[PDB]
Amino acid sequence: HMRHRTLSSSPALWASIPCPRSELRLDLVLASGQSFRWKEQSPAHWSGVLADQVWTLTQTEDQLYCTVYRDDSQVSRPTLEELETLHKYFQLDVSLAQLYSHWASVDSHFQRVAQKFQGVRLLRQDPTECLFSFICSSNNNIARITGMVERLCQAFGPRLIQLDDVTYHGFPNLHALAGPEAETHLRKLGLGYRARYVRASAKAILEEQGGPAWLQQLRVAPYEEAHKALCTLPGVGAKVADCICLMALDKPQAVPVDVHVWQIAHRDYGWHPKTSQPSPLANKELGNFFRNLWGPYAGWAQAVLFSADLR
Amino acid sequence: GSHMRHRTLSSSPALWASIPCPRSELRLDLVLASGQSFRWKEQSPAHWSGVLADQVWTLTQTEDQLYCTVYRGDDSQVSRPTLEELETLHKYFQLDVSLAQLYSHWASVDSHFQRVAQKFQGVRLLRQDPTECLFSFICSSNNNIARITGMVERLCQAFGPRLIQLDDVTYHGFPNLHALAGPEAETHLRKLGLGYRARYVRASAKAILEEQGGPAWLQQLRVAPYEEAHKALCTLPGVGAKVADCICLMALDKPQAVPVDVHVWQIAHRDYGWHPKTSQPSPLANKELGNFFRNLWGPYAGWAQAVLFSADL
Amino acid sequence: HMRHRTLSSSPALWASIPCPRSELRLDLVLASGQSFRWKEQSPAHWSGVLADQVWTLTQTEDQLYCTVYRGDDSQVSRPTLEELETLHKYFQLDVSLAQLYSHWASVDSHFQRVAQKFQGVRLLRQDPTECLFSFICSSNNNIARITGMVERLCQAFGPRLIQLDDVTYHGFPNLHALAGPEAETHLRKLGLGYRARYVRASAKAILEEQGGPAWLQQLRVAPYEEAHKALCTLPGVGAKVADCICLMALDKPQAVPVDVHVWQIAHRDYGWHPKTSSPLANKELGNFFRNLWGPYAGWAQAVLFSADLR
Ligand SMILES: c1ccc2c(NC3CCCCC3)nc(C3CC3)nc2c1
Ligand SMILES: c1ccc2c(NC3CCCCC3)nc(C3CC3)nc2c1
Ligand SMILES: c1ccc2c(NC3CCCCC3)nc(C3CC3)nc2c1
Ligand code: NI
C-alpha cells in the first residue's frame, strides 16, 4: 500500500519552483471552484490528478515544492518537462503582483479585499475536464461538484494509482461519456439532470464538432467566437461558456455572470442595469461593465473577489 | 408567607419540569428578548422569567431539554408544572411546527439565508395573546426594544392585576380591555411616557369594546384568513400595515405575514438586490416587498424574517 | 540632531491635557486621511509637524500627553500654555464627541452599530494651506502614497526645523515657494504627476488673482456655500477636494465630500439611489447626509470613513 507523501517524508522525491506566496496561495486556488480535483489529504499538502499523473503540492514563503506519483517507473523526483507543465498550469509567466496593482489603481473596493487575499490566480485547465466539470456546476456547490467529478472519473476514466484509501482515475475521453448507457450510469452516480447534458455534450463534440481538436481551435479563436461555439452544446449557457473561456481557452477577459455576481456588483459597486430590469442581455451588460473597469484580465480580478467572498 | 426567590437550576431542582426541546429547535436567548414578546427578562444568567396568561414562569435549557418552573402563587402549595401547563408552553412555542423542516426549505430557495442561518438555529415564533401583542405593539412605533419593555411593565403595573413578588420584582398580568378604555387611562398613559398613542390605546380598546365587544373578535381573526384579518385590524386607530402584520404573524397564526419597515427595506436592498417595480418607502412599495418575501420563502415567510431579524440584532 | 521622546524616557518634558480616550483616539485620527504628517515612531507615540514646530503625542484612558521641539534654536523645555492652547484647538476639544455620537446614533441605526468599536474619531482643524495642497495631491490616490507625496513636497520646499533619529522634519511650504517657475518640474520629479500642475497653478492663482494667503482665512469666516464655490475656481480643486478643505480647515462641519466610495457606502448601507437621470447627483448625496446627520454631517462621515478603513 503506497501512501500520500509529505515534504519531510522522503524529501528525496520533491523538486521546487521559485514562487512567492504573493504570486500563488494553493489554499485559495486549488479548492476555490476552478478545479475540483485537489484535496488537502494532509495539512498544506494538496494531492490531485493532472493529465495522467497524480501530484502532491506544498509551498513556503519563497518556493513551490512538488512531487509526482507515476507500480510503474522507479520512485523519483519530477522531471524538467513535468515542472514546465505545473509552471504553465499555474500560468506563472504572468505577474499577479502587477495585475493586483493595475486593478487596485482603478477599483477602490478591490484594493481593500485584495490586501487580505493575495496569491489568487487562474489555473490553465484541460478544456474537456473544464467543460464537463462546469456542466456539473449548474444549481450546485463546490462539495457536491467535487463528488460528482470524482465518481464520474472512477466510473469512466482509467485507474492511475491508489494512495491510502484514495483511488485516483484520469479524466475520461469524450467517447467514454458519449456511450448508450452513459446517462443511466451518471444518474446512479447522482448527477440528476446533469447526466443528460454530459452524455449529450460528449456526443455533440464528437459527431457535430470533430472531437477534442475543436476545443483547441476555440483556445486559438477569439473570445466571442469561442463563447458562441460553446453555447451550442447541451447544458452550456453564457455562464458555463465564460467559465470554460476564462479557465481553459486562455480568454482572461471572460467574466462569468450569474445571480451571485449580480449580488456583488449591486452591493459592492452600486451597479444596476442601464436597460429595464437578471436577463441574458443584462448579464452581458454586467460582464461588459467589469471588462470596462478592470480591462483585458477582468476574469482574473473576478477570481480574487469570488475566492474572497467564499471565506 | 415565605419570601419567594427567582429559581435557578441549582436553587429549585425538584421544582423544574422538563420538555425534550432540541436547542436547534429553540434557542431561548434568541426568541424571548428579540422584539417578539417584551415580558421576558434574564433575572439570572441563562434563566428567563416572565408572565403567561396569569402565572409567572422561569425557563432555561441544555442541548436536549427545555427546563421550566411555575410560580402559581404564595397561596397554592409549592409544586412542579402540571401536564396542562406544559401543553400551554408547547402551544406558546408552537413546537408542533418543525424548524429543521423550515430552515432546510428556506436554505433550498434562499442562498443568503443559508450563510446567516448556520449561526442562528432555534429562532421560532411565539404564539402571543392577541390582546397583549396588539396593545404592546401600538406603543412600538419609532421606539427600540428596551423602551417598549419598560412601557409594557409600567403599563402592566398600573392597569394589571398583581400576581406574585420574586426577589424585588412585582409581576402583574396584562390589563383586560375595560381597564384601558376608562376616561383617565389617557392621563396615566400620558404620564407613564406614552405619546398621543395613549389616545390610540384608549380609542382602539374603547373601539374594540364598542363594535366587536372584546376578545371574542380577536379569536375570529385568528381563524379568519390573512386577507380579512390584516384589513380588520387596520380599522383600529394607531394600527398601520406594519403593526397589523406584526400582530397577524405573532398572535393570529399568520406565518406568511411579513411586517415591512425601513430596516426590512435595508436588508431587501443590500442582501437580495431588491428595488421596487414601481416608483423610486410607500404603502404599495411596502406591500410589494411583503409579496416579494412571501413569493421567495413560502407560507412561513414571517418566520424566515424572524431568523434574519434575530441574526441582524 | 536629537532623539524621539517616550513618556517613560524623559517625563520632565511632557505637559498633559485632560481628555478621555472616548473624546479622542490618536490611532484612529492621526493616520486616517485627515493629516498625512503624523507617524507612530514608537507604539502610542505619534510624531509630526504643526505650524513650524515638531510634536510627539501619546494618551492614557483620561490624559492626552504631548511634548514639543522648537529646534536647537532655544533651550529644551516642556510645552507653553499657548502651545497647549494651539493643540487644544487643533483637536477642537471644545466640541463634545459624546453628544455628537449620541445624536448620530439616535437618527441613524447603521451609525449606532459601526460607532461602537470606533469611538474618539473627531476632526482636526488644519491650516487652510497645508490642507488645500495635501488634498490636491489626493486625486486617484491612497493615504500611504499621499503621505510620501506631501513628505517629499515638504522636504524639497519645507523650511528645515530639526532632525530626531533618522527622521528629518520640515514645515509646510508657503504660496511663494510653491508658485515658483521650476516648482512643477521638481514636484513631477518627486512623483506627484499631473497634481504638480494643480499645486503650482493654485499656489500662483491665489497669490495674484485672490490676494495672498489672507483669501483662505476669509473663507473660514465666509459661509459653506461661498467657501465651496471659491475653492472650485482653483486648478485641480473640484467639488470633493473643496468639501474636504471646507470640513477639515474652514470650520464647515456640514461639509460632506462625495466620491465613488461614498456612493457605494450610501447605496449599500443606506439604500441610496439618486432621484435623477454625477455632479448634481454628488451634491444630492451631500444633502442626504446633512439631512440625516445634521449640521456636523462631515464629522459623522469621518467616524464611518475611519471605521471602513480598519
Ligand atoms: C460552482 C463552482 C464554481 C463556481 C465559480 N467559480 C469561479 C468562476 C470564475 C473564476 C473563479 C472561480 N463561479 C461561479 C460564479 C461566476 C461566479 N459559480 C460557481 C459554482
Ligand atoms: C420595535 C420592536 C420590535 C420590532 C420587530 N419585531 C420582529 C418582527 C418579526 C419577528 C421578529 C421580531 N420588527 C420590526 C420590523 C419588521 C422588521 N420592528 C420592530 C420595532
Ligand atoms: C485620500 C485620502 C483621504 C480621503 C478622505 N479623508 C476623509 C475625508 C472626510 C473626513 C475624514 C477623512 N476621504 C475620501 C472620501 C470622501 C470620502 N477620500 C480620501 C482619499
Ligand atoms: Ni440599488
# chains A, B, ... in the order shown; residues from 1 in each chain; ligands from 1
>>> residues_near_ligand(ligand="ligand 2", cutoff="6 Å", atoms="only C-alpha atoms and all ligand atoms", output="mmCIF file with N, CA, C and O atoms, in the first residue's frame")
data_model
loop_
_atom_site.group_PDB
_atom_site.id
_atom_site.type_symbol
_atom_site.label_atom_id
_atom_site.label_comp_id
_atom_site.auth_asym_id
_atom_site.auth_seq_id
_atom_site.Cartn_x
_atom_site.Cartn_y
_atom_site.Cartn_z
ATOM 1 N N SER B 34 -36.141 39.366 21.654
ATOM 2 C CA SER B 34 -35.827 39.710 20.238
ATOM 3 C C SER B 34 -37.019 40.419 19.577
ATOM 4 O O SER B 34 -37.323 40.094 18.417
ATOM 5 N N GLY B 35 -37.668 41.341 20.293
ATOM 6 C CA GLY B 35 -38.763 42.191 19.784
ATOM 7 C C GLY B 35 -39.999 41.405 19.375
ATOM 8 O O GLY B 35 -40.754 41.906 18.516
ATOM 9 N N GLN B 36 -40.227 40.229 19.964
ATOM 10 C CA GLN B 36 -41.471 39.435 19.762
ATOM 11 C C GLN B 36 -42.395 39.663 20.960
ATOM 12 O O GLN B 36 -43.455 40.295 20.782
ATOM 13 N N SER B 140 -45.201 50.663 20.042
ATOM 14 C CA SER B 140 -43.928 50.187 19.436
ATOM 15 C C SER B 140 -43.376 51.227 18.452
ATOM 16 O O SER B 140 -42.141 51.413 18.427
ATOM 17 N N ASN B 143 -39.781 53.277 18.348
ATOM 18 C CA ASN B 143 -39.127 53.028 19.663
ATOM 19 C C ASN B 143 -38.338 51.715 19.600
ATOM 20 O O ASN B 143 -38.794 50.784 18.905
ATOM 21 N N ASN B 144 -37.202 51.654 20.304
ATOM 22 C CA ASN B 144 -36.338 50.447 20.410
ATOM 23 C C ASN B 144 -36.964 49.484 21.429
ATOM 24 O O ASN B 144 -37.977 49.864 22.055
ATOM 25 N N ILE B 145 -36.381 48.288 21.578
ATOM 26 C CA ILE B 145 -36.930 47.155 22.388
ATOM 27 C C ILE B 145 -36.926 47.525 23.880
ATOM 28 O O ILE B 145 -37.959 47.289 24.540
ATOM 29 N N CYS B 246 -47.224 42.504 12.203
ATOM 30 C CA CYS B 246 -46.592 42.015 13.460
ATOM 31 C C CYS B 246 -47.605 41.181 14.252
ATOM 32 O O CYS B 246 -47.323 39.997 14.525
ATOM 33 N N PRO B 259 -44.045 41.811 8.335
ATOM 34 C CA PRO B 259 -44.084 43.240 8.646
ATOM 35 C C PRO B 259 -42.926 43.962 7.946
ATOM 36 O O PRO B 259 -41.817 43.501 8.077
ATOM 37 N N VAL B 260 -43.214 45.042 7.211
ATOM 38 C CA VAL B 260 -42.200 45.801 6.418
ATOM 39 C C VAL B 260 -41.999 47.193 7.027
ATOM 40 O O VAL B 260 -43.003 47.850 7.366
ATOM 41 N N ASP B 261 -40.734 47.603 7.160
ATOM 42 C CA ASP B 261 -40.308 48.972 7.553
ATOM 43 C C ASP B 261 -38.963 49.264 6.871
ATOM 44 O O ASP B 261 -38.546 48.459 6.020
ATOM 45 N N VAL B 264 -36.207 46.325 7.096
ATOM 46 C CA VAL B 264 -36.535 45.255 6.103
ATOM 47 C C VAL B 264 -36.064 45.736 4.727
ATOM 48 O O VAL B 264 -35.262 45.032 4.081
ATOM 49 N N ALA B 306 -37.937 36.481 10.881
ATOM 50 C CA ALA B 306 -37.623 36.386 12.327
ATOM 51 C C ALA B 306 -36.189 35.888 12.537
ATOM 52 O O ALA B 306 -35.529 36.399 13.457
ATOM 53 N N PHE B 309 -33.851 38.873 11.220
ATOM 54 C CA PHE B 309 -34.073 39.961 12.210
ATOM 55 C C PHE B 309 -33.256 39.659 13.473
ATOM 56 O O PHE B 309 -32.465 40.524 13.908
#
>>> residues_around(residues="residue B:86", least_positions_apart="6", cutoff="9 Å", atoms="only C-alpha atoms", output="MDAnalysis selection string")
chainID B and resid 17:19 68
>>> write_last_selection(atoms="C-alpha atoms", output="CSV table (one decimal), in the first residue's frame")
chain,number,residue,atom,x,y,z
B,17,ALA,CA,-40.4,20.0,34.9
B,18,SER,CA,-38.6,19.3,31.5
B,19,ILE,CA,-39.9,19.2,27.9
B,68,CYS,CA,-39.3,25.2,33.1
>>> residues_near_ligand(ligand="ligand 3", cutoff="10 Å", atoms="only C-alpha atoms and all ligand atoms", output="PyMOL selection string")
(chain A and resi 108) or (chain C and resi 29+31-36+121-124+134-147+240-241+243-245+247-248+253+255-263+265+297-306)
>>> select_by_dssp(residues="stretch 72-277 of chain C", states="strand (DSSP E or B)", output="ChimeraX atom specification")
/C:160-164,167-170
>>> interface_residues(of="chain C", to="chain A", cutoff="7 Å", atoms="only C-alpha atoms", output="list in words")
residues 264, 267 and 268 of chain C
>>> write_last_selection(atoms="N, CA and C atoms", output="PDB file, in the first residue's frame")
ATOM      1  N   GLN C 264     -20.910  54.098  -2.850  1.00  0.00           N
ATOM      2  CA  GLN C 264     -21.040  52.634  -2.595  1.00  0.00           C
ATOM      3  C   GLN C 264     -21.567  52.396  -1.173  1.00  0.00           C
ATOM      4  N   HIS C 267     -25.185  53.656  -1.011  1.00  0.00           N
ATOM      5  CA  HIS C 267     -26.037  52.663  -1.716  1.00  0.00           C
ATOM      6  C   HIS C 267     -26.210  51.407  -0.851  1.00  0.00           C
ATOM      7  N   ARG C 268     -25.107  50.794  -0.417  1.00  0.00           N
ATOM      8  CA  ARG C 268     -25.122  49.519   0.351  1.00  0.00           C
ATOM      9  C   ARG C 268     -25.873  49.722   1.673  1.00  0.00           C
TER      10      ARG C 268
END
>>> select_by_dssp(residues="stretch 24-267 of chain C", states="alpha helix (DSSP H)", output="number ranges by chain")
C: 26-29, 81-90, 97-107, 109-115, 128-136, 143-157, 175-178, 183-189, 195-205, 214-221, 224-232, 239-248, 260-267
>>> interface_residues(of="chain B", to="chain A", cutoff="9 Å", atoms="only C-alpha atoms", output="PyMOL selection string")
chain B and resi 269-273+277
>>> interface_residues(of="chain C", to="chain B", cutoff="10 Å", atoms="only C-alpha atoms", output="ChimeraX atom specification")
/C:109-110,113,267-275
>>> write_last_selection(atoms="N, CA, C and O atoms", output="short mmCIF file (atom, residue, chain, number, x, y, z; two decimals), in the first residue's frame")
data_model
loop_
_atom_site.label_atom_id
_atom_site.label_comp_id
_atom_site.auth_asym_id
_atom_site.auth_seq_id
_atom_site.Cartn_x
_atom_site.Cartn_y
_atom_site.Cartn_z
N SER C 109 -29.45 54.24 12.60
CA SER C 109 -29.31 52.87 13.15
C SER C 109 -28.00 52.23 12.68
O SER C 109 -27.42 51.45 13.46
N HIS C 110 -27.56 52.53 11.45
CA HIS C 110 -26.29 51.99 10.88
C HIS C 110 -25.10 52.54 11.68
O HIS C 110 -24.23 51.74 12.08
N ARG C 113 -24.40 50.93 15.15
CA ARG C 113 -23.67 49.63 15.08
C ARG C 113 -22.18 49.88 14.81
O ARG C 113 -21.36 49.29 15.53
N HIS C 267 -25.19 53.66 -1.01
CA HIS C 267 -26.04 52.66 -1.72
C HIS C 267 -26.21 51.41 -0.85
O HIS C 267 -27.36 51.03 -0.57
N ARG C 268 -25.11 50.79 -0.42
CA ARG C 268 -25.12 49.52 0.35
C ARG C 268 -25.87 49.72 1.67
O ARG C 268 -26.88 49.03 1.90
N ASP C 269 -25.42 50.67 2.49
CA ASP C 269 -25.75 50.75 3.94
C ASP C 269 -26.96 51.65 4.20
O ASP C 269 -27.55 51.51 5.29
N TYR C 270 -27.32 52.54 3.27
CA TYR C 270 -28.48 53.46 3.40
C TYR C 270 -29.50 53.24 2.28
O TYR C 270 -30.59 53.86 2.36
N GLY C 271 -29.20 52.37 1.31
CA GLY C 271 -30.11 52.07 0.18
C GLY C 271 -30.35 53.28 -0.70
O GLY C 271 -31.44 53.37 -1.28
N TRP C 272 -29.35 54.17 -0.81
CA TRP C 272 -29.45 55.46 -1.53
C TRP C 272 -29.27 55.25 -3.04
O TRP C 272 -28.23 54.69 -3.45
N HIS C 273 -30.24 55.73 -3.82
CA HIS C 273 -30.15 55.94 -5.29
C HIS C 273 -30.47 57.40 -5.58
O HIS C 273 -31.29 57.98 -4.88
N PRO C 274 -29.83 58.02 -6.59
CA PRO C 274 -30.21 59.37 -7.00
C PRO C 274 -31.64 59.40 -7.57
O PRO C 274 -32.01 58.46 -8.22
N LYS C 275 -32.40 60.48 -7.31
CA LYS C 275 -33.73 60.74 -7.91
C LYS C 275 -33.54 61.53 -9.21
O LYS C 275 -34.34 62.44 -9.48
#
>>> residues_around(residues="stretch 195-204 of chain B", least_positions_apart="6", cutoff="10 Å", atoms="only C-alpha atoms", output="list in words")
residues 134, 135, 136, 137, 138, 139, 140, 141, 177, 178, 179, 180, 181, 182, 183, 184, 185, 186, 187, 188, 189, 210, 233, 235, 236, 237, 238 and 239 of chain B
>>> write_last_selection(atoms="C-alpha atoms", output="compact mmCIF listing (two decimals), in the first residue's frame")
# COMPACT_ATOMS: atom_id res chain seq x y z
CA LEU B 134 -51.85 44.40 19.97
CA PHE B 135 -51.55 46.83 22.96
CA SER B 136 -47.76 46.11 23.32
CA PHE B 137 -47.28 46.96 19.56
CA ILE B 138 -49.48 50.17 19.47
CA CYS B 139 -46.70 51.80 21.64
CA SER B 140 -43.93 50.19 19.44
CA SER B 141 -43.93 52.81 16.57
CA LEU B 177 -59.80 45.77 27.61
CA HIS B 178 -62.16 47.60 30.11
CA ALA B 179 -59.15 48.76 32.25
CA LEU B 180 -57.60 50.54 29.17
CA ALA B 181 -60.96 52.06 27.93
CA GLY B 182 -61.50 54.18 31.13
CA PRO B 183 -61.58 58.02 30.82
CA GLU B 184 -58.40 58.59 32.98
CA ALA B 185 -56.48 55.83 31.05
CA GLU B 186 -55.09 58.59 28.70
CA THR B 187 -53.80 60.70 31.70
CA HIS B 188 -51.94 57.76 33.41
CA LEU B 189 -50.75 56.58 29.93
CA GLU B 210 -67.76 49.46 21.16
CA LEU B 233 -57.04 45.43 12.45
CA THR B 235 -59.63 49.96 11.03
CA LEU B 236 -58.37 50.35 14.68
CA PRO B 237 -56.67 53.72 15.46
CA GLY B 238 -52.81 53.76 15.77
CA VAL B 239 -52.70 50.45 13.73
>>> closest_residue(among="C:120, C:181, C:237, C:16", to="residue C:83", atoms="only C-alpha atoms")
C:16
>>> decode(residues="stretch 16-112 of chain A", atoms="C-alpha atoms", output="PDB file, in the first residue's frame")
ATOM      1  CA  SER A  16      10.959  23.080  -6.228  1.00  0.00           C
ATOM      2  CA  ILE A  17       9.809  26.073  -8.409  1.00  0.00           C
ATOM      3  CA  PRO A  18      10.838  29.597  -7.217  1.00  0.00           C
ATOM      4  CA  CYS A  19       7.350  31.038  -6.354  1.00  0.00           C
ATOM      5  CA  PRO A  20       6.477  33.810  -3.833  1.00  0.00           C
ATOM      6  CA  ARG A  21       3.225  33.245  -1.801  1.00  0.00           C
ATOM      7  CA  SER A  22       2.178  36.757  -3.057  1.00  0.00           C
ATOM      8  CA  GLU A  23       2.221  35.126  -6.585  1.00  0.00           C
ATOM      9  CA  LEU A  24       0.368  31.858  -5.604  1.00  0.00           C
ATOM     10  CA  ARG A  25      -1.512  30.657  -2.441  1.00  0.00           C
ATOM     11  CA  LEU A  26      -2.542  26.982  -3.139  1.00  0.00           C
ATOM     12  CA  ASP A  27      -5.173  27.076  -0.309  1.00  0.00           C
ATOM     13  CA  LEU A  28      -7.031  29.984  -2.126  1.00  0.00           C
ATOM     14  CA  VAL A  29      -6.721  28.492  -5.698  1.00  0.00           C
ATOM     15  CA  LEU A  30      -6.891  24.630  -5.773  1.00  0.00           C
ATOM     16  CA  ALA A  31     -10.255  24.052  -3.924  1.00  0.00           C
ATOM     17  CA  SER A  32     -11.815  27.516  -4.665  1.00  0.00           C
ATOM     18  CA  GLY A  33     -14.160  26.494  -7.550  1.00  0.00           C
ATOM     19  CA  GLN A  34     -11.764  26.392 -10.583  1.00  0.00           C
ATOM     20  CA  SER A  35     -10.547  22.735 -10.452  1.00  0.00           C
ATOM     21  CA  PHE A  36     -12.432  20.173  -8.249  1.00  0.00           C
ATOM     22  CA  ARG A  37      -9.599  17.551  -8.343  1.00  0.00           C
ATOM     23  CA  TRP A  38      -7.407  18.938  -5.459  1.00  0.00           C
ATOM     24  CA  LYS A  39      -7.738  17.732  -1.800  1.00  0.00           C
ATOM     25  CA  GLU A  40      -5.662  18.713   1.300  1.00  0.00           C
ATOM     26  CA  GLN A  41      -5.062  14.952   2.064  1.00  0.00           C
ATOM     27  CA  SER A  42      -2.572  16.065   4.817  1.00  0.00           C
ATOM     28  CA  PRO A  43      -2.121  19.664   6.138  1.00  0.00           C
ATOM     29  CA  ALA A  44      -0.680  22.097   3.476  1.00  0.00           C
ATOM     30  CA  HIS A  45      -0.222  19.019   1.141  1.00  0.00           C
ATOM     31  CA  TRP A  46      -2.668  19.223  -1.853  1.00  0.00           C
ATOM     32  CA  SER A  47      -2.994  16.000  -3.965  1.00  0.00           C
ATOM     33  CA  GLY A  48      -4.765  15.812  -7.387  1.00  0.00           C
ATOM     34  CA  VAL A  49      -4.764  14.403 -10.975  1.00  0.00           C
ATOM     35  CA  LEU A  50      -3.046  16.448 -13.764  1.00  0.00           C
ATOM     36  CA  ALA A  51      -3.265  14.782 -17.250  1.00  0.00           C
ATOM     37  CA  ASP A  52      -2.467  11.055 -16.484  1.00  0.00           C
ATOM     38  CA  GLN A  53      -0.290  11.572 -13.317  1.00  0.00           C
ATOM     39  CA  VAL A  54      -1.019  12.274  -9.583  1.00  0.00           C
ATOM     40  CA  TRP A  55       0.799  15.200  -7.818  1.00  0.00           C
ATOM     41  CA  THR A  56       1.235  16.409  -4.204  1.00  0.00           C
ATOM     42  CA  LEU A  57       1.914  20.196  -3.838  1.00  0.00           C
ATOM     43  CA  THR A  58       3.179  22.263  -0.820  1.00  0.00           C
ATOM     44  CA  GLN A  59       4.811  25.746  -0.520  1.00  0.00           C
ATOM     45  CA  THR A  60       6.879  28.050   1.770  1.00  0.00           C
ATOM     46  CA  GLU A  61       7.099  31.917   1.509  1.00  0.00           C
ATOM     47  CA  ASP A  62       9.723  31.549  -1.310  1.00  0.00           C
ATOM     48  CA  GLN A  63       9.275  28.146  -3.095  1.00  0.00           C
ATOM     49  CA  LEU A  64       6.595  25.792  -4.580  1.00  0.00           C
ATOM     50  CA  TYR A  65       7.556  22.154  -3.651  1.00  0.00           C
ATOM     51  CA  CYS A  66       6.014  19.347  -5.815  1.00  0.00           C
ATOM     52  CA  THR A  67       6.343  15.513  -6.257  1.00  0.00           C
ATOM     53  CA  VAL A  68       4.683  13.139  -8.842  1.00  0.00           C
ATOM     54  CA  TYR A  69       3.258   9.561  -8.450  1.00  0.00           C
ATOM     55  CA  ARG A  70       3.609   7.752 -11.849  1.00  0.00           C
ATOM     56  CA  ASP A  71       3.515   0.409  -9.770  1.00  0.00           C
ATOM     57  CA  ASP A  72       5.259   1.686 -12.984  1.00  0.00           C
ATOM     58  CA  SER A  73       8.622   3.645 -13.009  1.00  0.00           C
ATOM     59  CA  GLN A  74      11.230   3.691 -10.159  1.00  0.00           C
ATOM     60  CA  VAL A  75      10.349   6.148  -7.279  1.00  0.00           C
ATOM     61  CA  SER A  76      11.982   9.512  -8.338  1.00  0.00           C
ATOM     62  CA  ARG A  77      11.532  13.355  -8.310  1.00  0.00           C
ATOM     63  CA  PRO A  78       9.656  15.371 -11.012  1.00  0.00           C
ATOM     64  CA  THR A  79      11.477  15.730 -14.425  1.00  0.00           C
ATOM     65  CA  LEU A  80      12.168  19.114 -16.192  1.00  0.00           C
ATOM     66  CA  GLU A  81       9.214  18.961 -18.694  1.00  0.00           C
ATOM     67  CA  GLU A  82       6.893  17.833 -15.801  1.00  0.00           C
ATOM     68  CA  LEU A  83       7.927  21.032 -13.850  1.00  0.00           C
ATOM     69  CA  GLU A  84       7.230  23.063 -17.087  1.00  0.00           C
ATOM     70  CA  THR A  85       3.649  21.558 -17.037  1.00  0.00           C
ATOM     71  CA  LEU A  86       2.998  22.905 -13.448  1.00  0.00           C
ATOM     72  CA  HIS A  87       4.522  26.318 -14.438  1.00  0.00           C
ATOM     73  CA  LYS A  88       2.031  26.567 -17.390  1.00  0.00           C
ATOM     74  CA  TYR A  89      -0.893  25.057 -15.334  1.00  0.00           C
ATOM     75  CA  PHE A  90      -0.368  27.920 -12.770  1.00  0.00           C
ATOM     76  CA  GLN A  91       0.412  30.463 -15.624  1.00  0.00           C
ATOM     77  CA  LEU A  92       3.496  31.707 -13.628  1.00  0.00           C
ATOM     78  CA  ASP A  93       4.899  33.737 -16.641  1.00  0.00           C
ATOM     79  CA  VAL A  94       2.128  36.270 -15.602  1.00  0.00           C
ATOM     80  CA  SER A  95       2.939  38.530 -12.562  1.00  0.00           C
ATOM     81  CA  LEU A  96      -0.091  38.647 -10.174  1.00  0.00           C
ATOM     82  CA  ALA A  97       1.755  41.475  -8.285  1.00  0.00           C
ATOM     83  CA  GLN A  98       1.446  43.806 -11.360  1.00  0.00           C
ATOM     84  CA  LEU A  99      -2.197  42.776 -12.177  1.00  0.00           C
ATOM     85  CA  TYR A 100      -3.291  43.304  -8.496  1.00  0.00           C
ATOM     86  CA  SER A 101      -1.640  46.809  -8.713  1.00  0.00           C
ATOM     87  CA  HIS A 102      -3.219  47.630 -12.163  1.00  0.00           C
ATOM     88  CA  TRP A 103      -6.731  46.610 -10.843  1.00  0.00           C
ATOM     89  CA  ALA A 104      -6.141  48.461  -7.490  1.00  0.00           C
ATOM     90  CA  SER A 105      -5.363  51.729  -9.423  1.00  0.00           C
ATOM     91  CA  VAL A 106      -8.999  51.891 -10.824  1.00  0.00           C
ATOM     92  CA  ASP A 107     -11.045  49.890  -8.195  1.00  0.00           C
ATOM     93  CA  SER A 108     -11.030  51.216  -4.566  1.00  0.00           C
ATOM     94  CA  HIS A 109     -13.106  48.131  -3.484  1.00  0.00           C
ATOM     95  CA  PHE A 110     -10.590  45.601  -4.974  1.00  0.00           C
ATOM     96  CA  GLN A 111      -7.770  47.467  -3.067  1.00  0.00           C
ATOM     97  CA  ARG A 112      -9.338  46.610   0.380  1.00  0.00           C
TER      98      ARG A 112
END
